[PDB]
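Only one chain is given next, in structure tokens, and it is the form deposited in one PDB entry.
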């Protein structure tokens, strides 16, 4: 609005266009998310209603800051703090060289703090993926895009047909469970950890069943010993092929013993045993964490 001068388009999110903008009175640079408001159609999109109600409650250093909401007759603008870029872009730029291990560990540590903060305030993010993870030039990383986030004061029911990502989806959701839990966010963060480490997606599936099967070929086909209940899950089939668990040392070679132990904990099949963000933060992998800056 009148005190902002648009500088350039930076992205689309859920509901979309994001512009870099400058506050002409204070100098602050901001990211402005403009929702295109059809007032004969459906009104304010549920993605926006959720992202604003939930973001307004979450004040934390590793969650993106919503500075303001400018809400007029035909337009709705979200004003966010501006961050340099998204982890996906940084990983693409860092392919070939790879992101340094100390930076990986700092990003992981910071993300787990943002999520532990989300979960202890009954917010499930539900869509963690590198495009939703924003970095600055001073070494910080923040969770962004709360469009698909849900309050879990009451359990969150699953979407029959699910327009969340496929690559970062937890196996309990793939096997048809009834509710989400906080485990689904740990499972996605585990995928991203391994992706920074190897410089490629861990489980790049092409459909629901393909995706289940990539998970199965790396972690082993689950059974009731590992995951009590699995075989009575709605989308579970006794005809699933029986693959063996792979050594973590083949899966993520660069990683030391402590990182292999935490990753195998974030990728537990049974969402009841999968580590919580709060507990991950105690893990010895973090004892020697620093705050290196990205070469951007």
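Positions refer to the first chain, counted from 1. Between two forms, the rigid core is the largest collection of C-alphas that superpose within 1.5 Å.
The following text describes the form deposited in another entry, which does not appear among the structures shown.
Shift analysis on the rigid core between this form and the one not shown singles out 148 from 140, 175, 148, 201 (C-alpha displacement of 2 Å or more). With the core held fixed, residue 283 shows a CA shift below 2 Å between this form and the one not shown. Relative to the superposed core, residue 77 shifts its CA atom by 2 Å or more between this form and the one not shown. In a rigid-core overlay of the protein, residue 274 has its C-alpha displaced by under 2 Å between this form and the one not shown. Compared with the form shown here, the Cα atoms of residue 132 and residue 155 sit 3 Å or more closer together in the other form. In the other form, the Cα-Cα separation between residue 161 and residue 219 grows by 3 Å or more relative to the displayed conformation.
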